[PDB]
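Quick notes on the structure that follows.
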Amino acid sequence: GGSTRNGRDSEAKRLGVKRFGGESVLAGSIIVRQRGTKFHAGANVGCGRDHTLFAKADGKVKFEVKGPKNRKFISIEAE
Amino acid sequence: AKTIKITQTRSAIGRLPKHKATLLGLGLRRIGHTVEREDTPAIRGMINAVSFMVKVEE
RNA sequence: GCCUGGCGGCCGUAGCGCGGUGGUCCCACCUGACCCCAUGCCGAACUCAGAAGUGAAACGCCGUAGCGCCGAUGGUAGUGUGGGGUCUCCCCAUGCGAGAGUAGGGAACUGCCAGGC
RNA sequence: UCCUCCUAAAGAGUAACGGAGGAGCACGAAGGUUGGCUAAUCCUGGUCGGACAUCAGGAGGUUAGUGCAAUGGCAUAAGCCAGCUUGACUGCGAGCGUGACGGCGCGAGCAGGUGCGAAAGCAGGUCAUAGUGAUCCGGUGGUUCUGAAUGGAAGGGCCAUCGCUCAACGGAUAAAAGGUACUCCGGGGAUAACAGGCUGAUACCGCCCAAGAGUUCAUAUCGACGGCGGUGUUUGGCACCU
RNA sequence: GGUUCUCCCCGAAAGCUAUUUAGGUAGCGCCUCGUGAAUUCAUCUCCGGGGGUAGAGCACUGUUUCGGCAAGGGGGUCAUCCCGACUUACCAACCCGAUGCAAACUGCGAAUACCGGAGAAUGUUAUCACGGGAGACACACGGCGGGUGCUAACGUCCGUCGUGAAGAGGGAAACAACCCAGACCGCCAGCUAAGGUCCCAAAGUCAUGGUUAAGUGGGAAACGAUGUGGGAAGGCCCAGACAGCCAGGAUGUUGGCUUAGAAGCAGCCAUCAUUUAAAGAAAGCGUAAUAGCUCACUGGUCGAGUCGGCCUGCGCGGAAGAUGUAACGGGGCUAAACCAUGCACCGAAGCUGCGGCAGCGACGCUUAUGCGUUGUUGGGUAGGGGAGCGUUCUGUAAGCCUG
RNA sequence: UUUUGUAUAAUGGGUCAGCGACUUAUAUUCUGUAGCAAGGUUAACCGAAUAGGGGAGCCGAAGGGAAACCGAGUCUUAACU
């Protein structure tokens, strides 16, 4: 019925893909809403607020598909 | 296996950039260049991707 | 080998239905309750002290190929690039290829420690 | 002007008065943290209770709750309570994400001072995404910055304190509204009208077909319903060449 | 709007974001010259990773058909004795058995794409920063992916592939954008593409196979006809079919049921037995009904395929419009129609051979620097950049040339 | 000539001739080129007006901070971090 106002800010979409790390900061993807689809495991934290895959220690991501029922993990391990 | 003699019939001028990149990866020029390509499955899969316009001899 | 407990891993081969099965061991009911502790009231919960009662509920294992679950081969839906046409479809060349079902698979497997035979 | 989802394409962007809803704040608590707990709904059954005030049990569900849009989160609870509590912390900051910038989110690291807890660990605000007004500036308190002859000082700066729906929102100036078929200027079928094209829903007609009319009988003649065309050709659509 | 003589090197856009913004301009995308340091990239295969479109689906949401059961609500009724009962066209919970729809749903989910490894192959001077300039931010079109429109427009709004924008040549009558291919410049040279070879107009009326029967080909729908070849069965079929011609059309039979009557003659039971040269309780027209018949069904005859559908192709009728044939370019037409494969010929600025030109590199021969072999970029508007030839001035120029 | 695009039924042209267009003025800087170099350069004017003087003035070699103030450091700062 016009206009419609629709909004125009942000895309809140993936950035951190494949085998990844972080020299001084590891952040992965910065995405809204996601707290129950894929979970952090190891040196990485989030689930605020924050929307990020921040790491408290040094290591690299490999992604995991194995887990209890619907759970899948964004696993981080040192080299 | 035996290596394969390649010739270009038709030209790629009207074809999509991905296929123009295949003809370039095969090293082909002025629709025929006296080229004979490696006996690998990897090059056979590169010939198969444009087989409607690349000619093959063994 | 076999039996169990914890952390768990894997997470349906780990499910359901129905049956079988254990108390040396561990496990739950069980048997009591000053003190530390707890109750808008309470040994109800949380918590402690233990062995008279039991293998029920609870906990754990297992037979059973009936269904779930996993699903080959063949075909199908769809589709990347190309040639045409009878044109939002069809025909051809050349590749990819589900979803469902079938046959087959499948009533798991396992890392660390500890107790028991 | 701010916020979200879908159309939107197994990254994002991505048009249509395409499809639909919200914001221009509020909570000192609904913040912090430690401990305990968790629905709905139906049925059964019982006084003071007029028809119904009780809660215990089963049947059963993460089909209850949350400041609100829609999206997604949330029981490890952010839901409901019990205590203690004010981290709704200060000045800062490697770095990452992000928009063209304004602006902003995330965050290792340092000191200082608080709070929960056995400790670990968490606390620089609420379940997240909307709650404003810059630049210019008037007024005011402070100021061991400065005021150009020297010493004070109007004044300028620094630091506190507040405000323009300027909302045409990214704001053209302590101060600005309407009308022109009386005009008039630059540009144009980029843009309408009288005509050229395209289309044929509309228009008039036929054919497939037939509820019925035509005292019988659907189809001589005529036709409600549904279908498929004949036409360029009007009423409109449309904005190419003018 | 007027904006200048000659050879070259690289090579855009009509997109993002803002603006008294939709005619301009400014940060990001796209173009370019210099300077310093330098390989820039993709296609193929597999592995791993974030992935929910296409397809699939009904579990959950919302919607929904069909069948059945149906709480409670909304409506109606009769009882108030029968354990109150009938009804659900409406609104709606439960439930048994099925089925449609979905951008806004999911007891499933590709192709492709994108990111990075592990690996092979090929070739472009690239990438990056700094220092200088820009141009554009009103384009148009064919196809594909989707909405919108009347499953209309040379209509509308986007995404997206390629082309016109800035692309010449061969083909589509004439044609921008569609088809073949991307043009450094030549050759009284070859070879092909799309397209084409009876004539207009260069080349097969080619070889061989497939199909229609007509001016189809050469405008055209739903619709309609024993127009008809092919495919798989069925029936009749060669001691004898379909059609034709001639010759045969009853005996049981005055059948039974319903009804308004009905000898086959609108319904129902059935649809056989018998004789022969030979036959329906009935096929059709018809009558008050028989009949009249014309037939069904056999015989003889002739004679080998044929009847109704199913399936798959190609044709016919379906078919009125305006300046003049006027819907294959026009003519011709029995293939001289369409279609497939083969080898020809004609076919481009494509490919090859040979000959010229500019830039930078390479191999070899040869030598007061020449000759062979060659890699390879050369269509360019906006715009960026390099270099030539003329014109004129000052000096040389009171030198030097000359009446 | 206009335009994405015109043989165009889109504006224009009778023809020949004399004509007709990107500069120098100033400041700063980028590039080029050169002299000098932690220095460079002069203006007006003087003067032997294309010499030589004239360095007034300007540009440059040190930064941090509103600024006071400090300086190979300095502002933020209790700070060292």
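Identifiers in this document derive from the order of the structure tokens: chains are assigned A, B, ..., residues are numbered from 1 separately in each chain, and ligands are numbered from 1 in order of occurrence.
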>> I need the residues in chain B that are alpha helix (DSSP H) according to DSSP; give them as a ChimeraX atom specification.
In response: /B:17-25,41-48
Only C-alpha atoms, please: the residues just picked out, written as a PDB file, in the first residue's frame.
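Once written, selection.pdb looks like this:
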ATOM      1  CA  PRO B  17      34.073 -16.444 -20.412  1.00  0.00           C
ATOM      2  CA  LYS B  18      34.506 -19.730 -18.418  1.00  0.00           C
ATOM      3  CA  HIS B  19      34.867 -21.656 -21.728  1.00  0.00           C
ATOM      4  CA  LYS B  20      37.106 -18.973 -23.223  1.00  0.00           C
ATOM      5  CA  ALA B  21      39.243 -19.590 -20.092  1.00  0.00           C
ATOM      6  CA  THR B  22      39.244 -23.374 -20.916  1.00  0.00           C
ATOM      7  CA  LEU B  23      40.454 -22.723 -24.511  1.00  0.00           C
ATOM      8  CA  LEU B  24      43.105 -20.425 -23.025  1.00  0.00           C
ATOM      9  CA  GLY B  25      44.072 -23.107 -20.397  1.00  0.00           C
ATOM     10  CA  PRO B  41      42.394 -37.537 -16.329  1.00  0.00           C
ATOM     11  CA  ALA B  42      42.621 -33.830 -15.314  1.00  0.00           C
ATOM     12  CA  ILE B  43      43.153 -32.752 -18.980  1.00  0.00           C
ATOM     13  CA  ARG B  44      40.577 -35.268 -20.251  1.00  0.00           C
ATOM     14  CA  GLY B  45      38.055 -33.516 -17.915  1.00  0.00           C
ATOM     15  CA  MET B  46      39.183 -30.144 -19.370  1.00  0.00           C
ATOM     16  CA  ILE B  47      38.559 -31.452 -22.949  1.00  0.00           C
ATOM     17  CA  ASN B  48      35.191 -32.923 -21.965  1.00  0.00           C
TER      18      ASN B  48
END
> Could you write out as a PyMOL selection string the residues of chain D within 6 Å of chain A, counting only C-alpha atoms (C1' of nucleotides)?
Replying inline: chain D and resi 17+72+95-96+106
>> Among segment 2-58 of chain B, which ones does DSSP assign to strand (DSSP E or B) (computed from the backbone)? Answer as a PyMOL selection string.
In response: chain B and resi 4-8+35-37+54-57
Go ahead and save the residues from that selection, with N, CA, C and O atoms, as a compact mmCIF listing (two decimals), in the first residue's frame.
# COMPACT_ATOMS: atom_id res chain seq x y z
N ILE B 4 47.09 -36.52 -26.47
CA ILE B 4 46.01 -36.20 -27.41
C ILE B 4 46.22 -34.90 -28.18
O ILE B 4 46.41 -33.85 -27.59
N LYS B 5 46.15 -34.97 -29.51
CA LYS B 5 46.28 -33.83 -30.43
C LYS B 5 44.98 -33.05 -30.46
O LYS B 5 43.94 -33.62 -30.73
N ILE B 6 45.03 -31.75 -30.17
CA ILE B 6 43.85 -30.89 -30.02
C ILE B 6 43.78 -29.83 -31.13
O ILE B 6 44.77 -29.22 -31.48
N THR B 7 42.59 -29.58 -31.65
CA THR B 7 42.27 -28.52 -32.61
C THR B 7 40.92 -27.89 -32.28
O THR B 7 40.08 -28.53 -31.69
N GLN B 8 40.71 -26.62 -32.64
CA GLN B 8 39.55 -25.82 -32.27
C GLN B 8 38.61 -25.67 -33.47
O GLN B 8 38.93 -25.02 -34.46
N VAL B 35 49.07 -28.34 -31.22
CA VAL B 35 49.12 -28.69 -29.79
C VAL B 35 48.67 -30.12 -29.53
O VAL B 35 47.73 -30.61 -30.14
N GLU B 36 49.36 -30.78 -28.60
CA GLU B 36 49.16 -32.15 -28.16
C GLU B 36 49.28 -32.20 -26.63
O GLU B 36 50.32 -31.94 -26.06
N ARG B 37 48.18 -32.46 -25.95
CA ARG B 37 48.00 -32.25 -24.51
C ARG B 37 48.16 -33.55 -23.70
O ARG B 37 47.95 -34.64 -24.21
N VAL B 54 36.00 -28.57 -29.32
CA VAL B 54 37.36 -29.10 -29.41
C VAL B 54 37.40 -30.48 -30.07
O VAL B 54 36.62 -31.36 -29.76
N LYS B 55 38.34 -30.65 -30.99
CA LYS B 55 38.59 -31.86 -31.78
C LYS B 55 39.80 -32.59 -31.21
O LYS B 55 40.78 -31.96 -30.87
N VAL B 56 39.72 -33.91 -31.09
CA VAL B 56 40.66 -34.77 -30.35
C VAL B 56 41.21 -35.89 -31.24
O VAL B 56 40.45 -36.56 -31.93
N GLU B 57 42.52 -36.11 -31.22
CA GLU B 57 43.21 -37.17 -31.96
C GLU B 57 44.24 -37.95 -31.13
O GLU B 57 45.16 -37.38 -30.57
>> I'd like the contact shell of segment 36-43 of chain F - 10 Å cut-off, only C-alpha atoms (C1' of nucleotides), skipping same-chain residues fewer than 5 positions apart - returned as a list in words.
In response: residues 54, 55, 56, 57, 58, 59, 60 and 61 of chain F
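Between atom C1' of residue 233 of chain D and atom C1' of residue 322 of chain E the interatomic distance comes to 12.3 Å.
Taking only C-alpha atoms (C1' of nucleotides) into account, residue 208 of chain D lies nearest to D:228 out of the set D:117, D:73, D:105, D:228.
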